Amino acid sequence: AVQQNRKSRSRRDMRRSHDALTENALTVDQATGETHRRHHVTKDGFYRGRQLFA
Amino acid sequence: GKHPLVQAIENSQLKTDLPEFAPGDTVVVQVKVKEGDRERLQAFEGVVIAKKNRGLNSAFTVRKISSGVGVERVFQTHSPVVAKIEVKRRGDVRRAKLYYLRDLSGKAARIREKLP
Amino acid sequence: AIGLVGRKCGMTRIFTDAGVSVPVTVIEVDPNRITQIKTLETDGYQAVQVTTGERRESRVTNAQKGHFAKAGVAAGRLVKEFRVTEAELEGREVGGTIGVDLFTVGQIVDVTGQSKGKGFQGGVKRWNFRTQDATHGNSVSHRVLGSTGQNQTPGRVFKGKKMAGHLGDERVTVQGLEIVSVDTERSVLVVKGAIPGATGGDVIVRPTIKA
Amino acid sequence: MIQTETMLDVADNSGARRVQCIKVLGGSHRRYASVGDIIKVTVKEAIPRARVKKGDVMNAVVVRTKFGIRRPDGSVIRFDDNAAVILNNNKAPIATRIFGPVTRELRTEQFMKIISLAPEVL
Amino acid sequence: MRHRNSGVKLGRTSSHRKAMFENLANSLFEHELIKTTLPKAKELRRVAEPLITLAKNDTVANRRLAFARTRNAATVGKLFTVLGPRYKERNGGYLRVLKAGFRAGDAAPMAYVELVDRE
RNA sequence: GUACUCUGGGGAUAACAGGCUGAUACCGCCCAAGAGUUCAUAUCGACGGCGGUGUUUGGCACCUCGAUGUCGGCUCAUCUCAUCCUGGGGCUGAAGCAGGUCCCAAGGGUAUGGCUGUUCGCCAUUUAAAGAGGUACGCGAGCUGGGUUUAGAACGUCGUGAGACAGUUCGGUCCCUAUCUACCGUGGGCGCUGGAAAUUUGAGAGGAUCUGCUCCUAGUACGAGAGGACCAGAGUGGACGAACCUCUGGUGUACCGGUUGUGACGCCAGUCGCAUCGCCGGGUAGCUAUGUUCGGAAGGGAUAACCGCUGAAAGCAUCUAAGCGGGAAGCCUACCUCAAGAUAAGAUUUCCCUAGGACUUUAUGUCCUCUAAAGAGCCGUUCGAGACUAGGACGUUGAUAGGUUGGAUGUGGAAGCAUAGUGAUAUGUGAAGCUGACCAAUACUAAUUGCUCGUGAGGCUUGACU
RNA sequence: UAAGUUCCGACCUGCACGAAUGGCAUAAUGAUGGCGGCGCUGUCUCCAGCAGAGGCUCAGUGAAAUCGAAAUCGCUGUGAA
RNA sequence: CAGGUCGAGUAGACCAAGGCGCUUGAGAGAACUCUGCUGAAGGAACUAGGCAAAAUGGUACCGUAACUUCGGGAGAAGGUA
RNA sequence: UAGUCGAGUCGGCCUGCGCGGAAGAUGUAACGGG
RNA sequence: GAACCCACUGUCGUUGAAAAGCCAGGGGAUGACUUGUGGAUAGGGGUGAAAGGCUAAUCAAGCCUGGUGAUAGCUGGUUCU
RNA sequence: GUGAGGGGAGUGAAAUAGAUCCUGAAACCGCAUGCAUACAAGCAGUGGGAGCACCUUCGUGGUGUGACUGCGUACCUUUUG
């Protein structure tokens, strides 16, 4: 099965109308003040006033 | 039926005189039969092969040979129809369910007695 | 008619003196509190609104808080309406309570609930379609729908054709159920048979419409 | 649970030994027969010089089934064999002796003679 | 449908899944801090924590059961000499699972697994 | 001669299907020799005549040969009434039962097998009944490939032969990830006269409409006897449909045990890996039918055939022209479900927002400062909700999930030690040990500090009351 | 066989058998044609549960045949029908 | 060329010396499709046709029919440990 | 055949316009619609 | 009955892993057996336990070049006012 | 990232003459500005025609857009059509 006619650019864009991306949830962690992803450990191993590494 | 309200409703109907029996035993069950307006008691004798312990939902299966034809009946333990249970023999078996007895003939279907 | 909102607790059995085993369903009932009466003058139809259960304050919006405050009752997990007539509207005022005493042993009632969700389902389960042969050369067409229409006339698929889709998780009512027990102390109704939904679901009990 | 092509043993002294169900009576598209139902059977093996011959088409009533029957208290009764009893064209038993146990669902005016001649009823 | 079912699949045979989870438990008991995928970390609790509960009491039978489950003499010895005594007065919750972003190779979500009192 | 075939062309020209026509076919009506009745337009019905349909066999070659690709079976259907069953009537060589003919009625229902590739047809056994037809002789980008139509081979027949068939026989490749319309499910956006949370009315739409048997009236009405009711009431079945897991079962590769070969843990003992979950015996939750429960009620309005009341035209008669009535599984309601995108965008309860300055295109006009509430989302722990979504609960003022503790359940006598036995093994400690999803409690672990959106009292005209 | 257009046995009017383009029969042999039986079974009444691999969602890479152009609904009728 | 345990065996299961995990992954656990396991009662009622599936299966001993071209049929059938 | 009844009425032919005869399948679909 | 040589049934694949395969079954397996290296037979010819089979993914007359721009009463196309 | 790729500085008459380097068309694909567009059915134009934005000699003007409305089934070939 295949198309009988070539689709229009307008219809292609109408189909793509649902392709937009979305932002993640970013917050400032009070311990260090660096922006971090909500509910995740910071890149330096800090979370909820605890440091995993040494 | 593990919710407390269900447990209370079921506990309201539990029997309080059941004897202790185990699969290997031979038992006699007294069954109430009402014909017309007359009620009588009929005996059902056989070897227990399976026992489900589920409170008010408990049951036990009895197998016997009647004139060369095998008959199995599953009795609901707390049903009013079951009037009395009597344990005549106690056997010695190694498994909870004895379905293998269905394929064994008379002599091969013997169950050894448990001794004190 | 005036009914009751309750919760399905589970199934069990009842033994009669004769030895009959009756399967039954248990419904927990928190007495329903009246929050509003709708009348012809103001709403255009006659009805009684009730609430049941409890809800913590953080989960109650300000508007619903004001509504329950005007009613003079504590908030509940749900709010539901009962259509009624003038005769049964008597003796019912905002702030009152309706309990299990509304029913009697032996009465015939209808029970409404939400059926279990089966998700996406095919014709075999949704519409009892017959399967095709498992062997004798069948390639990939064991549980498929098969033919779906006629030829160039009419050259389409009609509305209402049965096809695979979502099954279950809908409102369902069962009629002709007999009340087996009314426990006032425990606030419980025991009904013969099965009622729709899963354990812990919300259910509605009403007098039988068919008499 | 008896259907077409099912073999049954004979619990009476009519002369037949094995029968095959060829139809379940009592309705359109009826699938199964249980204790007390009427079936159409053919005789496959008959004792020599008996009244019933091989290849005869007769009427019969199921008296024992392996699937079993349920009772009001919720119990189930099962048997080791599938057995029926032959009947005449008026649906009345044509035998003098009944072999093996039978059940109480036959306690009707139609089968009181089976009830009487059966050794054990349960 | 899967109404009221517990367990995971993770695209492995049952024996393979059991072996992988035992390896993860041994690594956790050895190191006390690991990084893995989030679903694996979440499933690892139901396997790792009962072992600590078992090791809370030191007997020949309990040690032999732990050896049957782990197949690692060093892990058994540590469980019955260090971790059990450390958590003797704790009612469960010996592990901590912390989300740690996503992994470059396949964008898979990741988490750290740590013992409650590591140092 | 080519079926071992090939190239250039044609729907200018056949086979299938569509189109026109209706000789043929089917159905209907008009007339009335005759038959039954040796007594009735009860039922047939000679010769002859007039119509309808497009279901048969045909006629014509208008469409397709830079392809509309196939008989039957399977799966799934929709419609017509010229009605097979069920429902309501008139007449009758209608005592009753039953039958014959004709009128009304399309709501529902409307077999399993043996023989044959068959559609058919014969047969056995059922049922209330096993109706006729249209839809590309419905349905092969949904399945099959038994027949029919390639290449092999054989018999019969024809031909000198290559070969061929008003014939027969064994064997013989079924492609396509769905763009558009259509359909079944499920979301996003905006709109609905400031915004928000919840409960709702019903214009309308869909679903469901089946039927056997027993008793009772009653051996009554009727009738030489035999035989046997209308009407009315109760019960119990078949098929179909829905929900559900208390009971009976199935499964249950994260539960328990028995056991074979082999390898390993230094060895014994005790364990683990592999061999279809190695094999075997049981089995908790969940899902499920063959298991359980429930339903097709009863009613109301109009009405078809038919039956009337009163009544003139037409002094009589007449169901009709005035007026007025009864009447069916048929129609509208009634029972279940959906339903205000019903742009006609409906109703009710409660809740939130009432700051300042500058400018000109003089206005629900712009710009700056200040202020962003009621709520809704993001995120997290999750679900008896789920393809993704959507939907439900909870987020420290917590029982949302995991773990822990205690029950329950299943399996059926753990390891170690001791004793008896030459040994295989048996007994005691002890119904012990272990036990996925179940129930109750518990803050031990995780649901942190948070961010974004959503504003600042809501134009104009007329009228009623303030 | 309950029911046999197939099969086995018998009849002979052979539409249109017949003797080395061989006739009748024959033990053994055949992934050879036809008919029947025991055991067995999810082939079926009538399907249910479970295991693996896809399907679905996320991240990376990234085809196909087709295509005059499209703001690409139903019914009835008309029309190279 | 090719070892160990059992084994008639270079068949088969698990291992030694040796070699390898094979150049997209992470989740979810719908319809539908492919592969596999179990299944109540019935047991070919399926279908052109038992197609496919199910079933039998080793060693030792006993016992084994019609018909034969006297070799066979013949591991006939069937039974015991 | 009478008559207590009191004036139209009985039966035909030729013509205009109407009535029955009149059943099919996708959806009113035999005035283009109102 | 393994290796080795074959290709009887069924499923999957049919823009395949593959321009002929995989999986589960199946046949021969001391012989008219299988197989390596090197040779002979050439197109109206060769070879053929015989299917018009094979003769480099091509066979009722191989492939390449030349006659050659063959012929075509056939189909298509044929450009500004 | 001591990568690729750019920005500044400098050369040159010229650097969108910067090394797949004269000019740089079309198909196809981005960004920005103005108008229209989420109650309405079809070869997408044509004849009318309100409103809006910009430029205005403010005009009976010019440039974009086009609510609402009548009419309206592409091109070539081949054909009786």
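Because only heavy atoms are used, hydrogens play no part in the values below, and waters and symmetry mates are left out as well, while side chains stay in. Residue numbers begin at 1 in each chain, while the letters A, B, ... track the order of the sequences.
The CG-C1' distance, from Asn82(D) to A41(H), rounds to 8 Å in whole Å. Atoms OH (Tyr94(E)) and P (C444(F)) sit 13 Å apart, rounded to a whole Å. Rounded to whole angstrom, the span from the NZ atom of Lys91(D) across to the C1' atom of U126(F) amounts to 12 Å. Between the NE2 atom of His3(E) and the P atom of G436(F) there is a distance of 22 Å, rounded to whole Å.
Under 3.5 Å, the side chain of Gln36(C) and the base of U349(F) form no donor-acceptor pair of N or O atoms. Judged by atom type and distance alone, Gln152(C) reaches the base of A136(F) through a side-chain donor-acceptor pair under 3.5 Å. Taking only distance into account, the side chain of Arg94(B) never meets the base of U411(F) through a donor-acceptor pair shorter than 3.5 Å. Side-chain atoms of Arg38(A) come within donor-acceptor range of the base of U449(F), with a qualifying N/O pair under 3.5 Å.
No donor-acceptor pair closer than 3.5 Å links the side chain of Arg126(C) to the backbone N or O of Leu167(C). In terms of modelled atom types and a separation under 3.5 Å, the side chain of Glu81(C) and the main chain of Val48(C) share no donor-acceptor contact. Side chain of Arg45(E) to main chain of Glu43(E): no donor-acceptor pair is present (N/O by atom type, distance under 3.5 Å, no hydrogens or angles). No donor-acceptor distance shorter than 3.5 angstrom exists from the side chain of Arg71(D) to the backbone of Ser75(D), with no hydrogens or angles considered.
Judged on ring centres (limit 5.5 Å) and ring planes (limit 30°), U455(F) and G456(F) form a stacked step.
Comment: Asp202(C) engages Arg77(C) in a salt bridge, judged by a side-chain N to carboxylate O separation of less than 4.0 angstrom. Electrostatic pairing of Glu49(E) and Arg46(E) does not count as a salt bridge here, judged by no charged N lying under 4.0 Å from a carboxylate O. Ionic pairing of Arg78(D) and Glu72(B) is present here: one or more N-O contacts between side-chain nitrogen and carboxylate oxygen are shorter than 4.0 angstrom.
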Please write out each protein N/O paired with an N/O of nucleotides 35-43 of chain K under 3.5 Å, distance rounded to 0.1 Å.
none

Just the table, please: protein N/O against nucleotides 185-188 of chain F N/O, every pair under 3.5 Å.
from: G185(F); atom 1: OP1; to: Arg126(C); atom 2: NH2; distance (Å): 3.0
from: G185(F); atom 1: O5'; to: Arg126(C); atom 2: NH2; distance (Å): 3.4

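The partner of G29(H), taking Watson-Crick or G-U wobble pairs whose two distances both stay under 3.5 Å, does not exist in any strand shown. Pairing for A437(F) is absent, with no Watson-Crick or G-U wobble pair whose two atom distances lie under 3.5 Å. In this structure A329(F) sits in no base pair that meets the Watson-Crick or G-U test at under 3.5 Å. Nucleotide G346(F) has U200(F) as its partner under the Watson-Crick or G-U criteria, with both atom distances under 3.5 Å. When Watson-Crick and G-U wobble pairs are counted only if both distances are under 3.5 Å, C61(H) pairs with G79(H).
Judged by the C1'-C2'-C3'-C4' torsion, which is negative here, the sugar of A342(F) sits on the south, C2'-endo side. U425(F): sugar pucker north (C1'-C2'-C3'-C4' torsion positive). A positive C1'-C2'-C3'-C4' angle places the sugar of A28(G) in the north (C3'-endo) family. Sugar pucker at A130(F): south, on the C2'-endo side, as the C1'-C2'-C3'-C4' dihedral is below zero. A positive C1'-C2'-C3'-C4' torsion places the sugar of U455(F) in the north, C3'-endo-side range.
Base pairing in RNA chain K gives the following stems of 3 or more Watson-Crick or G-U pairs, range against range and under 3.5 Å: K:45-47 with K:69-71, K:51-55 with K:61-65. RNA chain I contains no stems of three or more consecutive Watson-Crick or G-U pairs with both distances under 3.5 Å.
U186(F) shows a glycosidic angle more than 90° from 0 and is accordingly assigned anti.
For the atom pair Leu56(B) CG and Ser21(C) OG, the distance stands at 8.0 Å (nearest 0.5 Å). Rounding to the nearest 0.5 Å gives a distance of 13.5 Å between NZ of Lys23(D) and OG1 of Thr42(D). If you take NZ on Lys97(B) and CD1 on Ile49(B), they are separated by 10.0 Å, rounding to the nearest 0.5 Å. Expressed to the nearest 0.5 Å, how far CD1 of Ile108(C) lies from CG of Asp110(C) amounts to 9.5 Å.
Rounded to whole Å, the separation between the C1' atoms of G436(F) and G283(F) comes to 12 Å. For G89(F) and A232(F), the P atoms lie 11 Å apart once the distance is rounded to whole Å.
The side chain of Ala63(C) approaches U350(F) more closely than any other nucleotide in the set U350(F), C294(F), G295(F). Side-chain atoms of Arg9(A) lie closest to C29(K) of the nucleotides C29(K), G27(H), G291(F). The listed nucleotides are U445(F), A48(G), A70(G); the one nearest the side chain of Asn5(A) is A70(G). Comparing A178(F), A393(F), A26(H) by their nearest atom to the side chain of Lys40(E) picks out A26(H).
For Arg69(E), there are no side chain to side chain donor-acceptor pair (under 3.5 Å) partners, not counting sequence neighbours. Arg17(E) pairs by the salt bridge (charged side-chain N to carboxylate O under 4.0 Å, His left out) definition with nothing, not counting sequence neighbours. Under the salt bridge (charged side-chain N to carboxylate O under 4.0 Å, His left out) criterion, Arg95(B) pairs with no residue at all, not counting sequence neighbours. Every residue two or more places apart in sequence or in another chain that forms a side chain to side chain donor-acceptor pair (under 3.5 Å) with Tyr94(E) is listed here: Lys56(E).
The closest side-chain donor-acceptor pair between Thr112(C) and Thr173(C) falls under 3.5 angstrom. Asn57(B) and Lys52(B) are not linked by any side-chain donor-acceptor pair at a separation below 3.5 angstrom, with hydrogens and angles left out of the test.
Comparing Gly155(C) and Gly11(E) along RNA chain G, the residue whose closest nucleotide (by nearest heavy atom) sits nearer the 5' end is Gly11(E). Residue whose closest nucleotide on RNA chain G sits further toward the 5' end, between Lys9(E) and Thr131(C): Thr131(C).
At a non-hydrogen distance threshold of 4.0 Å, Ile22(D), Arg31(D), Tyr32(D) from residues 22-33 of chain D come into contact with RNA chain G.
No more than 12 heavy-atom neighbours from other residues, nucleotides or ligands sit within 6.0 angstrom of CZ on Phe102(E).
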Distance-only donor-acceptor hits, side chain of residues 24-31 of chain A, under 3.5 Å, sequence neighbours excluded:
from: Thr27(A); atom 1: OG1; to: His36(A); atom 2: NE2; distance (Å): 3.4
from: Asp29(A); atom 1: OD1; to: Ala31(A); atom 2: N; distance (Å): 2.7
from: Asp29(A); atom 1: OD2; to: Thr32(A); atom 2: N; distance (Å): 3.2
from: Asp29(A); atom 1: OD2; to: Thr32(A); atom 2: OG1; distance (Å): 2.3

Expected list for residues 25-34 of chain D: side-chain donor-acceptor pairs under 3.5 angstrom, two or more places apart:
from: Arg30(D); atom 1: NH1; to: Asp37(D); atom 2: OD1; distance (Å): 3.2
from: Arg30(D); atom 1: NH2; to: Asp37(D); atom 2: OD1; distance (Å): 3.3

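Stacking of the aromatic ring of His136(C) onto the base of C51(H) is found: the ring centres lie under 5.5 Å apart and the planes are inclined by under 30°.
Remark: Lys65(C) fails to qualify as a cation-pi partner of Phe68(C) under the 6.0 Å distance and 45° angle criteria applied to the six-membered ring.
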Sugar-phosphate means primed atoms, P, OP1 and OP2; the rest is base. With that split, encode nucleotides 272-283 of chain F 5' to 3' as B, S or - using protein heavy atoms under 4.0 Å.
-> BSS------SSS
